[PDB]
Each structure stands twice: as C-alpha cells, then as structure tokens.
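Asks: Have a look at this one before I ask anything.
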Amino acid sequence: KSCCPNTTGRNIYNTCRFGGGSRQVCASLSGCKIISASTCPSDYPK
C-alpha cells in the first residue's frame with residue numbers, strides 16, 4: 001500500500017505505473033508515501 005492524499009493520488013500513481021514508471025518515481029509523481037508493509041504513517045493513507 002501507499003499513503004496518498006486521496007483517490008486522486010491513485011490516479012497519478014496509475015498514470016505513472018501504467019505509463020511506464022516505478023514506485024519511487026510514482027511516489028514522487030503522486031506525492032504519496034511508499035510503505036514497506038501493510039501499514040502507513042500519518043501521511044494520509046489514502
């Protein structure tokens with residue numbers, strides 16, 4: 001999972017992922033937080 005601001009972020013992540021990106025790049029594209037588990041900090045887990 002990731003910590004996105006909202007369902008919109010998932011959009012950016014998708015545009016990137018499906019665009020030919022990665023996780024870090026995607027993260028920097030949606031501004032979400034890349035978690036290495038099934039949890040998430042106080043960084044809007046959306």
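All residue names refer to the structure tokens as shown: chains lettered A, B, ... in order, residues numbered from 1 in each chain, ligands numbered from 1 in order.
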Name the residues in contact with segment 10-19 of chain A at a cut-off of 12 Å, using only C-alpha atoms, excluding same-chain residues fewer than 4 positions from it; report them as a PDB file with N, CA and C atoms, in the first residue's frame.

Replies:
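Output (around_38.pdb):
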```pdb
ATOM      1  N   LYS A   1       0.847  -1.233   0.000  1.00  0.00           N
ATOM      2  CA  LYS A   1       0.000   0.000   0.000  1.00  0.00           C
ATOM      3  C   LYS A   1       0.866   1.260   0.000  1.00  0.00           C
ATOM      4  N   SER A   2       0.210   2.406  -0.106  1.00  0.00           N
ATOM      5  CA  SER A   2       0.893   3.671  -0.122  1.00  0.00           C
ATOM      6  C   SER A   2       0.058   4.744   0.573  1.00  0.00           C
ATOM      7  N   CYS A   3       0.668   5.810   0.925  1.00  0.00           N
ATOM      8  CA  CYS A   3      -0.015   6.909   1.600  1.00  0.00           C
ATOM      9  C   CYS A   3      -0.243   7.993   0.671  1.00  0.00           C
ATOM     10  N   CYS A   4      -1.429   7.984   0.061  1.00  0.00           N
ATOM     11  CA  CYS A   4      -1.815   9.031  -0.877  1.00  0.00           C
ATOM     12  C   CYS A   4      -2.810   9.989  -0.232  1.00  0.00           C
ATOM     13  N   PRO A   5      -2.875  11.238  -0.721  1.00  0.00           N
ATOM     14  CA  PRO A   5      -3.788  12.249  -0.181  1.00  0.00           C
ATOM     15  C   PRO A   5      -5.196  11.936  -0.380  1.00  0.00           C
ATOM     16  N   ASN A   6      -5.475  11.265  -1.492  1.00  0.00           N
ATOM     17  CA  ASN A   6      -6.838  10.861  -1.815  1.00  0.00           C
ATOM     18  C   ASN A   6      -6.877   9.982  -3.059  1.00  0.00           C
ATOM     19  N   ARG A  23       8.041   2.769  -8.503  1.00  0.00           N
ATOM     20  CA  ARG A  23       7.386   3.073  -7.242  1.00  0.00           C
ATOM     21  C   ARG A  23       7.849   4.424  -6.706  1.00  0.00           C
ATOM     22  N   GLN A  24       9.156   4.620  -6.690  1.00  0.00           N
ATOM     23  CA  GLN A  24       9.715   5.881  -6.216  1.00  0.00           C
ATOM     24  C   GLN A  24       9.292   7.007  -7.135  1.00  0.00           C
ATOM     25  N   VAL A  25       9.397   6.767  -8.435  1.00  0.00           N
ATOM     26  CA  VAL A  25       9.011   7.753  -9.425  1.00  0.00           C
ATOM     27  C   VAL A  25       7.567   7.995  -9.274  1.00  0.00           C
ATOM     28  N   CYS A  26       6.750   6.988  -9.112  1.00  0.00           N
ATOM     29  CA  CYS A  26       5.339   7.092  -8.932  1.00  0.00           C
ATOM     30  C   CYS A  26       5.067   7.886  -7.656  1.00  0.00           C
ATOM     31  N   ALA A  27       5.792   7.590  -6.622  1.00  0.00           N
ATOM     32  CA  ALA A  27       5.651   8.255  -5.334  1.00  0.00           C
ATOM     33  C   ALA A  27       5.911   9.738  -5.478  1.00  0.00           C
ATOM     34  N   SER A  28       6.942  10.074  -6.243  1.00  0.00           N
ATOM     35  CA  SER A  28       7.291  11.464  -6.476  1.00  0.00           C
ATOM     36  C   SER A  28       6.324  12.102  -7.475  1.00  0.00           C
ATOM     37  N   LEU A  29       5.492  11.278  -8.103  1.00  0.00           N
ATOM     38  CA  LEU A  29       4.524  11.759  -9.077  1.00  0.00           C
ATOM     39  C   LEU A  29       3.188  12.048  -8.402  1.00  0.00           C
ATOM     40  N   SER A  30       2.862  11.264  -7.384  1.00  0.00           N
ATOM     41  CA  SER A  30       1.607  11.442  -6.653  1.00  0.00           C
ATOM     42  C   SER A  30       1.843  12.076  -5.286  1.00  0.00           C
ATOM     43  N   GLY A  31       3.099  12.067  -4.837  1.00  0.00           N
ATOM     44  CA  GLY A  31       3.466  12.636  -3.617  1.00  0.00           C
ATOM     45  C   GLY A  31       3.068  11.752  -2.451  1.00  0.00           C
ATOM     46  N   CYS A  32       2.798  10.478  -2.735  1.00  0.00           N
ATOM     47  CA  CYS A  32       2.409   9.544  -1.693  1.00  0.00           C
ATOM     48  C   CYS A  32       3.616   8.983  -1.014  1.00  0.00           C
ATOM     49  N   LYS A  33       3.341   8.312   0.061  1.00  0.00           N
ATOM     50  CA  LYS A  33       4.416   7.690   0.834  1.00  0.00           C
ATOM     51  C   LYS A  33       4.492   6.196   0.542  1.00  0.00           C
ATOM     52  N   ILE A  34       5.684   5.723   0.203  1.00  0.00           N
ATOM     53  CA  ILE A  34       5.891   4.309  -0.097  1.00  0.00           C
ATOM     54  C   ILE A  34       6.165   3.504   1.170  1.00  0.00           C
ATOM     55  N   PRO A  45      -3.158   8.055   4.579  1.00  0.00           N
ATOM     56  CA  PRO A  45      -3.132   6.775   3.981  1.00  0.00           C
ATOM     57  C   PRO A  45      -4.251   6.516   3.024  1.00  0.00           C
ATOM     58  N   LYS A  46      -4.334   7.366   2.013  1.00  0.00           N
ATOM     59  CA  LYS A  46      -5.382   7.261   1.010  1.00  0.00           C
ATOM     60  C   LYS A  46      -4.822   6.770  -0.321  1.00  0.00           C
TER      61      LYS A  46
END
```

Asks: Just the strand (DSSP E or B) stuff from chain A, please, per backbone DSSP, written as a list in words.

Replies: residues 2, 3, 33 and 34 of chain A

Asks: Go ahead and dump the residues you just picked, N, CA and C atoms, as a PDB file, in the first residue's frame.

Replies:
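Final output, saved to selection-v4.pdb:
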```pdb
ATOM      1  N   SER A   2       0.210   2.406  -0.106  1.00  0.00           N
ATOM      2  CA  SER A   2       0.893   3.671  -0.122  1.00  0.00           C
ATOM      3  C   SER A   2       0.058   4.744   0.573  1.00  0.00           C
ATOM      4  N   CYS A   3       0.668   5.810   0.925  1.00  0.00           N
ATOM      5  CA  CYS A   3      -0.015   6.909   1.600  1.00  0.00           C
ATOM      6  C   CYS A   3      -0.243   7.993   0.671  1.00  0.00           C
ATOM      7  N   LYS A  33       3.341   8.312   0.061  1.00  0.00           N
ATOM      8  CA  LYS A  33       4.416   7.690   0.834  1.00  0.00           C
ATOM      9  C   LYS A  33       4.492   6.196   0.542  1.00  0.00           C
ATOM     10  N   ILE A  34       5.684   5.723   0.203  1.00  0.00           N
ATOM     11  CA  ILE A  34       5.891   4.309  -0.097  1.00  0.00           C
ATOM     12  C   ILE A  34       6.165   3.504   1.170  1.00  0.00           C
TER      13      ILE A  34
END
```

Asks: Among chain A, which ones does DSSP place in alpha helix (DSSP H), written as a PDB file with N, CA, C and O atoms, in the first residue's frame?

Replies:
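To be explicit, this is the file written out as result32.pdb:
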```pdb
ATOM      1  N   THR A   7      -8.073   9.538  -3.437  1.00  0.00           N
ATOM      2  CA  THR A   7      -8.247   8.694  -4.611  1.00  0.00           C
ATOM      3  C   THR A   7      -7.616   9.311  -5.849  1.00  0.00           C
ATOM      4  O   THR A   7      -7.262   8.613  -6.800  1.00  0.00           O
ATOM      5  N   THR A   8      -7.461  10.633  -5.829  1.00  0.00           N
ATOM      6  CA  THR A   8      -6.858  11.347  -6.942  1.00  0.00           C
ATOM      7  C   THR A   8      -5.398  10.949  -7.094  1.00  0.00           C
ATOM      8  O   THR A   8      -4.944  10.784  -8.136  1.00  0.00           O
ATOM      9  N   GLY A   9      -4.719  10.808  -5.970  1.00  0.00           N
ATOM     10  CA  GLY A   9      -3.327  10.420  -5.997  1.00  0.00           C
ATOM     11  C   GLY A   9      -3.142   9.111  -6.662  1.00  0.00           C
ATOM     12  O   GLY A   9      -2.211   8.948  -7.399  1.00  0.00           O
ATOM     13  N   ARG A  10      -4.037   8.170  -6.462  1.00  0.00           N
ATOM     14  CA  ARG A  10      -4.000   6.876  -7.030  1.00  0.00           C
ATOM     15  C   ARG A  10      -4.030   7.043  -8.537  1.00  0.00           C
ATOM     16  O   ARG A  10      -3.509   6.203  -9.283  1.00  0.00           O
ATOM     17  N   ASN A  11      -4.623   8.145  -8.991  1.00  0.00           N
ATOM     18  CA  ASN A  11      -4.705   8.442 -10.407  1.00  0.00           C
ATOM     19  C   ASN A  11      -3.311   8.692 -10.964  1.00  0.00           C
ATOM     20  O   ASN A  11      -2.904   8.072 -11.950  1.00  0.00           O
ATOM     21  N   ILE A  12      -2.585   9.596 -10.312  1.00  0.00           N
ATOM     22  CA  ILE A  12      -1.223   9.914 -10.720  1.00  0.00           C
ATOM     23  C   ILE A  12      -0.355   8.669 -10.682  1.00  0.00           C
ATOM     24  O   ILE A  12       0.358   8.363 -11.641  1.00  0.00           O
ATOM     25  N   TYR A  13      -0.440   7.940  -9.573  1.00  0.00           N
ATOM     26  CA  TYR A  13       0.324   6.714  -9.410  1.00  0.00           C
ATOM     27  C   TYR A  13       0.037   5.768 -10.570  1.00  0.00           C
ATOM     28  O   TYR A  13       0.930   5.101 -11.090  1.00  0.00           O
ATOM     29  N   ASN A  14      -1.232   5.724 -10.974  1.00  0.00           N
ATOM     30  CA  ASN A  14      -1.652   4.864 -12.070  1.00  0.00           C
ATOM     31  C   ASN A  14      -1.117   5.379 -13.397  1.00  0.00           C
ATOM     32  O   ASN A  14      -0.575   4.608 -14.194  1.00  0.00           O
ATOM     33  N   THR A  15      -1.259   6.681 -13.645  1.00  0.00           N
ATOM     34  CA  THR A  15      -0.766   7.272 -14.881  1.00  0.00           C
ATOM     35  C   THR A  15       0.714   6.970 -15.057  1.00  0.00           C
ATOM     36  O   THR A  15       1.203   6.757 -16.172  1.00  0.00           O
ATOM     37  N   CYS A  16       1.429   6.934 -13.936  1.00  0.00           N
ATOM     38  CA  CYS A  16       2.852   6.655 -13.937  1.00  0.00           C
ATOM     39  C   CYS A  16       3.099   5.156 -14.104  1.00  0.00           C
ATOM     40  O   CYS A  16       3.744   4.726 -15.061  1.00  0.00           O
ATOM     41  N   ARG A  17       2.577   4.365 -13.173  1.00  0.00           N
ATOM     42  CA  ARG A  17       2.724   2.950 -13.233  1.00  0.00           C
ATOM     43  C   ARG A  17       2.345   2.390 -14.599  1.00  0.00           C
ATOM     44  O   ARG A  17       3.111   1.679 -15.229  1.00  0.00           O
ATOM     45  N   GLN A  24       9.156   4.620  -6.690  1.00  0.00           N
ATOM     46  CA  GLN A  24       9.715   5.881  -6.216  1.00  0.00           C
ATOM     47  C   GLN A  24       9.292   7.007  -7.135  1.00  0.00           C
ATOM     48  O   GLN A  24       8.873   8.067  -6.680  1.00  0.00           O
ATOM     49  N   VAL A  25       9.397   6.767  -8.435  1.00  0.00           N
ATOM     50  CA  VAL A  25       9.011   7.753  -9.425  1.00  0.00           C
ATOM     51  C   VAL A  25       7.567   7.995  -9.274  1.00  0.00           C
ATOM     52  O   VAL A  25       7.152   9.150  -9.305  1.00  0.00           O
ATOM     53  N   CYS A  26       6.750   6.988  -9.112  1.00  0.00           N
ATOM     54  CA  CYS A  26       5.339   7.092  -8.932  1.00  0.00           C
ATOM     55  C   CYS A  26       5.067   7.886  -7.656  1.00  0.00           C
ATOM     56  O   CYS A  26       4.218   8.779  -7.640  1.00  0.00           O
ATOM     57  N   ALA A  27       5.792   7.590  -6.622  1.00  0.00           N
ATOM     58  CA  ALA A  27       5.651   8.255  -5.334  1.00  0.00           C
ATOM     59  C   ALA A  27       5.911   9.738  -5.478  1.00  0.00           C
ATOM     60  O   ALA A  27       5.188  10.563  -4.931  1.00  0.00           O
ATOM     61  N   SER A  28       6.942  10.074  -6.243  1.00  0.00           N
ATOM     62  CA  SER A  28       7.291  11.464  -6.476  1.00  0.00           C
ATOM     63  C   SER A  28       6.324  12.102  -7.475  1.00  0.00           C
ATOM     64  O   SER A  28       6.330  13.318  -7.664  1.00  0.00           O
ATOM     65  N   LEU A  29       5.492  11.278  -8.103  1.00  0.00           N
ATOM     66  CA  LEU A  29       4.524  11.759  -9.077  1.00  0.00           C
ATOM     67  C   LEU A  29       3.188  12.048  -8.402  1.00  0.00           C
ATOM     68  O   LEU A  29       2.472  12.970  -8.800  1.00  0.00           O
ATOM     69  N   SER A  30       2.862  11.264  -7.384  1.00  0.00           N
ATOM     70  CA  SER A  30       1.607  11.442  -6.653  1.00  0.00           C
ATOM     71  C   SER A  30       1.843  12.076  -5.286  1.00  0.00           C
ATOM     72  O   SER A  30       0.947  12.546  -4.718  1.00  0.00           O
TER      73      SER A  30
END
```
